[PDB]
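**Q** Line by line, the protein sequences give chains A and B.
If you read the first sequence in PDB author numbering, its first letter stands for residue 195, the second for the next number, and so on.
If you read the second sequence in PDB author numbering, its first letter stands for residue 1, the second for the next number, and so on.
Even for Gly, the Cβ is constructed at its ideal location relative to N, Cα and C.
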Amino acid sequence: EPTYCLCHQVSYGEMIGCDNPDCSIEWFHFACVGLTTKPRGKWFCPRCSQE
Amino acid sequence: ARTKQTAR
Ligand SMILES: [Zn+2]
Ligand SMILES: [Zn+2]
Numbered sequence: 195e196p197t198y199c200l201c202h203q204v205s206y207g208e209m210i211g212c213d214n215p216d217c218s219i220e221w222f223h224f225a226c227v228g229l230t231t232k233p234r235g236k237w238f239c240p241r242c243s244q245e
Numbered sequence: 001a002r003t004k005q006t007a008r
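(1) Name the DSSP beta bridge partners of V204 of chain A, please?
(2) Could one say the Cβ of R2 of chain B lies closer than 8 Å to chain A's Cβ atoms, at least one of them?
(3) Determine the extent of the beta strand (DSSP E) in which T3 of chain B is found, giving its start and end residues.
(4) List the DSSP bridge partners of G211 of chain A.
(5) Looking at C212 of chain A and ligand 1, is the gap between the Cβ and the nearest heavy atom below 7 Å?
So, in structure tokens, the structure goes:
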């Protein structure tokens, strides 16, 4: 029932977590953030990365 | 990065 990501849809497939504890989204679907395989190390979403 | 597979 809960939704996530920039697409605001339910969880599905592989999800990646934003490493900014103050992130307003926290979890994203891999494809929505252009990922096929998980990146190494800490990762920050597009919303927290941009100005 | 931290990831998780959607549980069924
Ligand atoms: Zn999404
Ligand atoms: Zn974020």
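**A** With the structure as the only source:
(1) Reading the first sequence from its first residue, position 10 is the one you call residue 204 of chain A. A:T197.
(2) Numbered from 1 along the second sequence, position 2 holds the residue referred to as residue 2 of chain B. Answer yes: the Cβ-Cβ gap between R2 of chain B and chain A drops below 8 Å somewhere.
(3) In the second sequence, the residue the question calls residue 3 of chain B occupies position 3. Segment 3 to 5, the beta strand (DSSP E) holding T3 of chain B.
(4) Walking along the first sequence from the start, residue 211 of chain A turns up at place 17. Answer is A:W221.
(5) For the purposes of this step, residue 212 of chain A is taken as residue 18 along the first sequence, with counting starting at 1. Every heavy atom of ligand 1 is 7 Å or more from the Cβ of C212 of chain A, so no.
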